[PDB]
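Notes for the one structure printed next.
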Amino acid sequence: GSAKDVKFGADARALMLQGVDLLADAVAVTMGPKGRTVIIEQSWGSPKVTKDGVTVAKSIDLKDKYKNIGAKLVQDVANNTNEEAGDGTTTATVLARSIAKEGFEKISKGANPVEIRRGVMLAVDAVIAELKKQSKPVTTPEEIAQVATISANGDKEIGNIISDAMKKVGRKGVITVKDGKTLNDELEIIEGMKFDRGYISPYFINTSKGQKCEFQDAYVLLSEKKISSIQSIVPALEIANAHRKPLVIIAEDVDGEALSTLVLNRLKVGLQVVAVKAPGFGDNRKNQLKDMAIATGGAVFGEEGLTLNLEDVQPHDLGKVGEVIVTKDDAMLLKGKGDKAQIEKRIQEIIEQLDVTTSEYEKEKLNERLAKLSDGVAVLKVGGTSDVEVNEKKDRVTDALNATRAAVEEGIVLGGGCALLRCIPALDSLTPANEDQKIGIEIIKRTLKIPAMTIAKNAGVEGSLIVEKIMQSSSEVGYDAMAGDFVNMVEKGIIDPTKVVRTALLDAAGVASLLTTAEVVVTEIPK
Amino acid sequence: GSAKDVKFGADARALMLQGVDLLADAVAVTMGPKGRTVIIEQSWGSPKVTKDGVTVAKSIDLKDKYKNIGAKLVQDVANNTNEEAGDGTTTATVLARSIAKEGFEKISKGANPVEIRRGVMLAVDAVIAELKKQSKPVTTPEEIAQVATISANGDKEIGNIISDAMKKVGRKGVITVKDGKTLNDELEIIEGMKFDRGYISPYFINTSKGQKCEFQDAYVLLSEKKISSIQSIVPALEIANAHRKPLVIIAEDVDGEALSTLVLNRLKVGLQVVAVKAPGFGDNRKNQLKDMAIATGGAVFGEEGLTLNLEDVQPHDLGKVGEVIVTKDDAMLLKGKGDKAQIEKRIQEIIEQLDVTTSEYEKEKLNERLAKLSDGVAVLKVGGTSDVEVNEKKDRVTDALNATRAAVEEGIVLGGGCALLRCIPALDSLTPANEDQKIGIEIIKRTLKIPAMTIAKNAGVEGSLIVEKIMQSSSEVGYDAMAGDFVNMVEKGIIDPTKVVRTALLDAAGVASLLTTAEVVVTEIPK
Amino acid sequence: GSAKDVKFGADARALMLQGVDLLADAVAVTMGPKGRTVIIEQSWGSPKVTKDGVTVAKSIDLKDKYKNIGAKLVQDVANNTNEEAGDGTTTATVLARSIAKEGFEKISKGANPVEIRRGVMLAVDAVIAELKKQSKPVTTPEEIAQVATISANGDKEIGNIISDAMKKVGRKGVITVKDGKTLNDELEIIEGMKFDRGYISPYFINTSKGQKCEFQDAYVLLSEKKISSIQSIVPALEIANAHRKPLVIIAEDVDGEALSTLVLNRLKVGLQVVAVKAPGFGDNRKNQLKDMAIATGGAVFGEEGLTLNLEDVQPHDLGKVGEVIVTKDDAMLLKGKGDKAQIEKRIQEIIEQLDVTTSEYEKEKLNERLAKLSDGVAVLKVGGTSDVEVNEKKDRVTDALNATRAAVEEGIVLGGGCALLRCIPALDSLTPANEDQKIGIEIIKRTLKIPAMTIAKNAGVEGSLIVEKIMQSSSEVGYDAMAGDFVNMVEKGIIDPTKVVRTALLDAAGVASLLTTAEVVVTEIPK
Ligand SMILES: Nc1ncnc2c1ncn2[C@@H]1O[C@H](COP(=O)(O)OP(=O)(O)OP(=O)(O)O)[C@@H](O)[C@H]1O
Ligand SMILES: Nc1ncnc2c1ncn2[C@@H]1O[C@H](COP(=O)(O)OP(=O)(O)OP(=O)(O)O)[C@@H](O)[C@H]1O
Ligand SMILES: Nc1ncnc2c1ncn2[C@@H]1O[C@H](COP(=O)(O)OP(=O)(O)OP(=O)(O)O)[C@@H](O)[C@H]1O
Ligand SMILES: [K+]
Ligand SMILES: [K+]
Ligand SMILES: [K+]
Ligand SMILES: [Mg+2]
Ligand SMILES: [Mg+2]
Ligand SMILES: [Mg+2]
């Protein structure tokens, strides 16, 4: 019901292209090894410094609504590329700008933009098939380090630390990025099963050097419900005392008279016992507790289904660990004596649960449980002098992790925009159905040179001459923009994930070729 | 009580025509195989790209009140056409603009616009009778595919997938359109009694590959009330254990001690049983429960009318399926061993309930129940790279589905505006009662050329020459605007459903001929 | 989603440099022995006068958002330097301005600012290594007084009183700064164990001169719970009456009939007894109570773990102190007769607790507990005529305290900016990898002269000539800006903590070299 302004044809298209051009010009300064950064004002505190294309894209909104429509569409391109691949958003932005500009130039009275878009999509499918033919699987960890180094803007230490993390926890393992309080990056490998619950009582500390409770060859008692009575905790303590063996109690909570019994027995006679709360806040807590039961060889007590009571506990119902460390904030179990076949069955059960989940949040929980049961987790702490530097480097570390995961999944192609450059002869062999599809194919053919030209332009050289000399070169030769030299790209480690390149192309082409079909733009009157 | 501005005669009509012309100019660029799109700004996020005439119409409101009145009236035209036919809104908009313009041109001192409107309505009735004589019923699925292809802007794959859906679930079957997460469209056919209710507890899973419960030749237990007590669930379990057959329990809820009994018997001894919540909220729950009871050959328990109790259950009161799948979110029953004649009696019951409903929401529920009982449901998932592309393609898929349903209902005529073009000699044989009705008949006669003119104009050719060459040709020959050729329209598949054509004409003519009777316009003073 | 302004290249960098220059110009007037003050308007009351660089930095926010971004970044530099070192914020601000200006001058088409930043960081690491080789540990308290005198802007009395405080309570002891109600500074040394809890009732006062309760060779009763009953309090009173010794009751609260028993026995027969509330709110109360029990040789009663009851108290369960003084607001225990080995064990327990905590709030609590158990606490009261003078002098006292702690931790270097001046030949021996890193090394090489030039400029002489004559001088000779002479800096006491110098350089360099990588600045449109 709001009053609207309606614009027609070339004027509306030119305003939308002005918005697209402003956003893409801001994004394009960040591309490549000699890309620069963008400072974004934040309303609350310090400004944000970033080389990340989607971050620059999402921060730009325009007062002019016709320009803002084009800005929102290229924002959609960058956001879709980021959600699908986690990298290549700057490439997607410059490809989308190129497709939008070439499509806007080709609209005449006799032109049919919908069939032009059909030609664009056919050419993009041909290029993606050529990219999949060009791709090679990742076999060596040196390739992993090269991919992570390229995606972290040439930082060899980030590539090395990501390669080390994937050596330790697996190429499909769990690696997380968090703030580091030091100046340098540090990799922490957490093995076994560590969770974020400390000791319930500080009296359980027996190693006063680190203010922690340490046992070797300890029994494990696992309860799905709270332990608060004398009769629910005394027989397990009798088993632990008669076997002369430490006991770790992990339950929902230990409180009331049971806690007083535990503290009294530890303080007076010196009974080796520690009580830890269970991790999780729902069915994840039950799943992790059953994972602990399988890994240690114990049984869950007070469960809803089997209904096993803590009054009648046998020595075979308790798990066995070789080492347990309980601090104020966390506890960790080492060398659980559970059956290996049962641990493998639980691992394949977690895998098959992962195959049927699409919530994108329970998948993280299942991957964490699988990592705790199988290989552990890696934590990358990013160093830096200040928070702005830490966030800027964290963006590149996240980009390198996403690119390395994508390269593990789908292989690698040539870096530096050369993979798209080598797909041009695949477009040269196509036969268009009509003139509009020929126009769309030629639009994509012109667009395929854009990433290499942008990388060369940010390096201070003439992009067109560089691109033509790459095209006259052999298929293994591209341009090192950092060195200013024409090199073997695979030998120098300038490589890109195939998934990132094809995602950027597809996400750019769909939105931009839809945008070039427009004849009328409707916007609200600014109030 | 607010202050008003009052305008008289030609100035008021010219302002109203300016509003009509603005909205119709924005709508008319989208018409036909070489129509273009309209981008509409959305306040909350990304803009909308559409070829849909009613969507463009509803987005445009004008600041000038007199222009906004004409815009509102043509919005009413497009909305009524969309609600009645689901297609043809652009044709209705351009026909309404033509009628409004030619009626405003013909108003003089001696003219009687009410009698002109009478002549318009008489001419429209004559054209609609000629359209019904021109119509031909749809006999082959190739015609179904051609109709869906034309209505999806020439997309042959949308036409093929709609034709496949109508082959599998019937031409009157239930077909729904929803988002797809892939690049391409998929047709999913859901057979049997499938409802969005999973298992109650995860201990019922016996097929760990997909995390699902799987039985074959299973008893089915249906309860209209909750099952919370031991004695309401034990005898059915005794029947299932004595016959050594699996049991599926469908009820409002299975909780408390009965759920504990089910989990205990599944875990300890291995009793094959699963419990699923009932679908529906209200009388729909008991209606689908009775549907499942008839389809499986069981009896609903705990009902208000017959009052069958769960403590006295016989083996013949339980349904018999040959197959059941229970997953986290859904449950589906296959090969229910119900009495067939009872199933057709329930089907005709649902049919006669459909004949006496007009709520437009319970009719959907009855159609879903009939599809579950008889032929299943089809789901079209629309692929795309981004949400704006998905919505744009979904608009055309919905248009093609509505047009195909209308073509199954009332037959097909020649497409490309030729069906209205061949109705001109029906107006040439009319005898008006007076001069005003002659004026109205001539208004409709001029308006009948407008859709073909607009289609040819959007293709970049002179529309009047195209229309005159069509009129000087034999009745089967029309203009292929996509190919730029004069072709046999039935042979080339350029066909339109008769319902859409007559709905667009009637909806345009009524509102526009009412608008052309106006002499005085009263608007509020803008604050 | 708000509208944004986007600026490119040299114009954006010039506006950001204007903001950086304004904030740094306001900060730089305060630098050195002839620095001047900045008056900051406060909204609620009297204005604030300060020589402190971070205080000046935080007060300045600019209306122009491009200038405000540079202002926020140098604010980050000053704040990070203040949080890490507590001193040297003006030096960090002028270093950051120098690095930002030199980096902005060096940006051209062929330059790579990220590699320039790499060269900057490598040069800064080389300078920090040279600084650590130049450092000398603090051995004499005369050096402590010299450090505190330099950091208090030449105030020898502040240096002397800080040196006296560190002589009394230790160089790692607890020293706090607060307001003084007199014209002059006073150092108060609080020995033993004093806490902010007075008498419960005023009837316990036996020394009427100061309205205080005084005992010598008194029993101590420590209770973790409230004492409100006759049976809880009478047996301890019988022990105290039979031994004819005074009793001090430290509990959570003493109320009800136990309190009336205490008052009645004090007033009628003259039983020597006093009751004092326990200090602390939480686990700190229990930890402090156990600290008093260990230091006095008593036992805590009414505890959660050991559960010692007050109805059965032996004479050995009571602490012994040679002196107790209970006033209206505080009570102190002196010459506690606890076992020295257990006090040492509790001290190492507190130390190992300090090693594993990073909360920055209860670390102060642990330091206070260690000071109470070991060496006492020092209170510096800052004298002054008015609150603005008191705050201005307190800023310098806090600066001198932080600088002295830093000098105890990491040693000292030459003051007057000469430590960075003598690190230039370490940069002259570096070999850059390329031209951009050479540019960064040269940026740091120019920046290393900035603090000495700023100190000389605030003293009214030409800074470049002074710096040239310092560099032509032998390594122990610098410029006494206060005396206007070239002197041996170590023997004149013009020395700086190494930690402060390296923290200022690193915190300036990281943020400013990140800032000089920017090409695009995005700000919101001002409303
Ligand atoms: N030394 C180099 N020589 C040539 N090309 C290089 C070099 N290093 C990296 N590149 C190329 O630069 C591109 C990566 O640039 P950048 O990371 O800035 O953009 P992006 O991946 O498109 O976006 P974003 O990382 O912001 O999401 C890749 O095509 C990569 O191959
Ligand atoms: N190849 C073709 N040649 C000629 N006419 C064609 C061709 N393809 C489709 N048409 C005609 O185009 C018209 C459909 O155009 P369009 O779908 O844009 O408008 P609409 O049905 O009036 O409105 P809407 O779909 O927006 O509700 C029909 O009259 C159809 O016969
Ligand atoms: N008499 C002196 N001659 C030369 N330099 C001196 C003299 N006294 C102090 N300085 C130098 O002055 C500097 C301290 O100046 P100032 O305290 O104003 O700034 P800051 O320590 O950088 O910052 P802030 O105290 O505001 O956090 C040190 O480098 C110190 O060596
Ligand atoms: K980038
Ligand atoms: K249309
Ligand atoms: K200062
Ligand atoms: Mg990248
Ligand atoms: Mg249509
Ligand atoms: Mg200072």
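Using the structure shown, decide if residue C:298 is in a loop (DSSP other than H, G, I, E, B) and more than 14 Å from chain A (Cβ to nearest Cβ).
yes
Out of (1) aliphatic (A, V, I, L, M); (2) within 30 Å of residue A:434 (Cβ to Cβ); (3) surrounded by fewer than 21 Cβ atoms within 10 Å (Cβ to Cβ), what's the single condition that is false for residue A:183?
In the conditions (1) aliphatic (A, V, I, L, M); (2) within 30 Å of residue A:434 (Cβ to Cβ); (3) surrounded by fewer than 21 Cβ atoms within 10 Å (Cβ to Cβ), residue A:183 misses (2) alone.
For the stretch C:295-319, name all the residues that are among the acidic types (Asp, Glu) and touching a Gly at 6+ places or on another chain (Cβ under 9 Å).
Selection gives C:317 alone.
Filter the stretch A:57-69 down to residues that are more than 7 Å from chain C (Cβ to nearest Cβ) and not small (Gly, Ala, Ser) and give me whichever is farthest from residue A:520 (Cα to Cα).
This residue is A:58.
So the check is Cβ under 6 Å with 6+ separation or different chains; which pairs have a first residue in the stretch B:410-424 that's in a helix (DSSP H, G or I) and a second one that's among the small types (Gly, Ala, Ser) and crowded, with 24+ Cβ neighbours inside 10 Å?
From residues that are in a helix (DSSP H, G or I), the pairs are B:418/B:478; B:421/B:452.
Looking for whichever is away from chain A (no Cβ under 14 Å) and closer than 21 Å to residue B:17 by Cα here; the options are B:143, B:83, B:130, B:102. Which one fits?
Answer to the selection: B:102.
Any residue in the stretch C:182-208 that is closer than 21 Å to residue C:272 by Cβ sitting within a Cβ distance under 9 Å of a residue that is among the aromatic types (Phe, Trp, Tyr)? List the pairs, counting only those 6 or more apart or interchain.
Taking only residues 6 or more apart or on different chains, the pairs are C:205/C:199; C:206/C:215.
For the stretch C:1-84, list the strands (runs of 3 or more DSSP E) that sit wholly inside it and hold at least 3 residues that are under 21 Å from residue C:517 (Cβ atoms); which are they?
Once the strands (runs of 3 or more DSSP E) in the stretch C:1-84 are filtered for at least 3 residues that are under 21 Å from residue C:517 (Cβ atoms), what remains is C:4-8.
Quick check on my filter: what residues within the stretch A:57-94 are among the aliphatic types (A, V, I, L, M) and within 13 Å of ligand 4 (Cβ to nearest atom)?
A:57, A:78, A:92, A:94
In contact with a strand residue (DSSP E or B) (Cβ under 6 Å, 6 or more places away or on another chain), part of a helix (DSSP H, G or I), of a type in the set (A, V, I, L, M) and closer than 30 Å to residue C:483 by Cβ: is that true of residue C:161 in this structure?
Judged against the criteria, residue C:161 is a match.
Does the stretch A:503-510 include one or more residues that are out of contact with any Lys or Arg (no Cβ under 8 Å at 6 or more places or on another chain), polar (S, T, N, Q), free of Cβ contacts under 8 Å to residues at least 24 places away in the same chain and over 17 Å from residue B:39 (Cα atoms)?
no
Filter the stretch B:469-527 for residues that are more than 16 Å from ligand 8 (Cβ to nearest atom), farther than 16 Å from residue B:456 by Cα and among the basic types (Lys, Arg); which is farthest from the other protein chains (Cβ to nearest Cβ)?
Among them, the one singled out is B:492.
Please go through the stretch B:416-462 and pick out each residue that is away from every other protein chain (no Cβ under 14 Å) and small (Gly, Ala, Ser).
Those that are away from every other protein chain (no Cβ under 14 Å) and small (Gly, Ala, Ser): B:416, B:417, B:419, B:426, B:429, B:433, B:440, B:452.
Condition first: more than 16 Å from residue C:33 (Cβ to Cβ), among the polar types (S, T, N, Q) and out of contact with any strand residue (DSSP E or B) (no Cβ under 9 Å at 6 or more places or on another chain). Now tell me which residues in the stretch C:134-158 satisfy that.
Scanning the stretch C:134-158 gives C:139, C:140.
If we keep just the residues of the stretch A:86-97 that are more than 15 Å from residue A:71 (Cβ to Cβ) and crowded, with 24+ Cβ neighbours inside 10 Å, which is farthest from ligand 9 (Cβ to nearest atom)?
A:95
Among the numbered conditions (1) surrounded by fewer than 21 Cβ atoms within 10 Å (Cβ to Cβ); (2) within 20 Å of the chain's Cα centre (by Cα), tell me where residue A:382 comes up short.
Of everything listed in (1) surrounded by fewer than 21 Cβ atoms within 10 Å (Cβ to Cβ); (2) within 20 Å of the chain's Cα centre (by Cα), residue A:382 misses just condition (1).
Just to check your reading of the model, which residue among C:387, C:329, C:312 is under 26 Å from residue C:401 (Cα atoms) and in contact (Cβ under 8 Å) with a residue 60 or more places away in the chain?
C:387
Which of the numbered conditions does residue B:400 fail, given that it passes all the others? Conditions: (1) outside any loop (DSSP other than H, G, I, E, B); (2) within 14 Å of chain A (Cβ to nearest Cβ).
Residue B:400 satisfies all of (1) outside any loop (DSSP other than H, G, I, E, B); (2) within 14 Å of chain A (Cβ to nearest Cβ) except (2).
I'm trying to understand the selection: among the residues of the stretch A:166-220, which are part of a strand (DSSP E or B), within 14 Å of chain C (Cβ to nearest Cβ) and under 30 Å from residue A:155 (Cα atoms)?
Hit for the stretch A:166-220 is A:179, nothing else.
If only one of B:412, B:450 is out of contact with any strand residue (DSSP E or B) (no Cβ under 7 Å at 6 or more places or on another chain), within 16 Å of ligand 8 (Cβ to nearest atom) and β-branched (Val, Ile, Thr), which one is it?
B:450
Specify the residue that is nearest to residue A:307 (Cα to Cα); the eligible residues are those in the stretch A:230-268 that are more than 14 Å from chain C (Cβ to nearest Cβ) and in contact with a helix residue (DSSP H, G or I) (Cβ under 6 Å, 6 or more places away or on another chain).
A:233
From the set of residues in the stretch A:27-50 that are farther than 26 Å from residue C:75 by Cα and small (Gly, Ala, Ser), which is nearest to the chain's Cα centre (by Cα)?
A:32
Suppose we filter A:445, A:469 for residues that are surrounded by 15 or more Cβ atoms within 10 Å (Cβ to Cβ), basic (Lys, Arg) and at negative phi; which single one remains?
Selected residue: A:445, the only one of A:445, A:469 that is surrounded by 15 or more Cβ atoms within 10 Å (Cβ to Cβ), basic (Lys, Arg) and at negative phi.
Given the structure, is residue A:172 surrounded by 15 or more Cβ atoms within 10 Å (Cβ to Cβ) and either of a type in the set (D, E, K, R) or out of contact with any strand residue (DSSP E or B) (no Cβ under 7 Å at 6 or more places or on another chain) (or both)?
For residue A:172, the condition - surrounded by 15 or more Cβ atoms within 10 Å (Cβ to Cβ) and either of a type in the set (D, E, K, R) or out of contact with any strand residue (DSSP E or B) (no Cβ under 7 Å at 6 or more places or on another chain) (or both) - is not met.
Residue check, residue C:333 against (1) over 32 Å from the mean Cα position of the chain (by Cα); (2) farther than 21 Å from residue A:328 by Cα, all met but one. Which one?
The single condition residue C:333 does not satisfy is (1).
Would you point out which residue out of C:53, C:86 is more than 16 Å from ligand 1 (Cβ to nearest atom), at positive phi and under 29 Å from the mean Cα position of the chain (by Cα)?
That would be C:86, the only listed residue that is more than 16 Å from ligand 1 (Cβ to nearest atom), at positive phi and under 29 Å from the mean Cα position of the chain (by Cα).
Let's see how each residue does on (1) touching a residue at least 60 places away in the same chain (Cβ under 8 Å); (2) part of a loop (DSSP other than H, G, I, E, B):
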{"residue": "B:102", "(1), (2)": "yes, no"}
{"residue": "B:110", "(1), (2)": "no, yes"}
{"residue": "B:116", "(1), (2)": "yes, no"}
{"residue": "B:125", "(1), (2)": "no, no"}
{"residue": "B:138", "(1), (2)": "yes, yes"}
{"residue": "B:143", "(1), (2)": "yes, no"}
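Could you give every pair whose Cβ atoms fall below 6 Å, whose first residue belongs to the stretch B:36-53 and is more than 7 Å from chain A (Cβ to nearest Cβ), and whose second residue is of a type in the set (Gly, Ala, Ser) and more than 13 Å from ligand 2 (Cβ to nearest atom), counting only separations of at least 6 or pairs across chains?
none
For residue A:512, only one of the following conditions fails: (1) crowded, with 24+ Cβ neighbours inside 10 Å; (2) within 16 Å of ligand 4 (Cβ to nearest atom); (3) among the aliphatic types (A, V, I, L, M). What is its number?
(2)
FYI the Cβ positions are ideal-geometry reconstructions off the backbone, even for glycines, and counts take in every protein chain you see. Throughout, read-outs are computed from the coordinates displayed, never taken from laboratory work.
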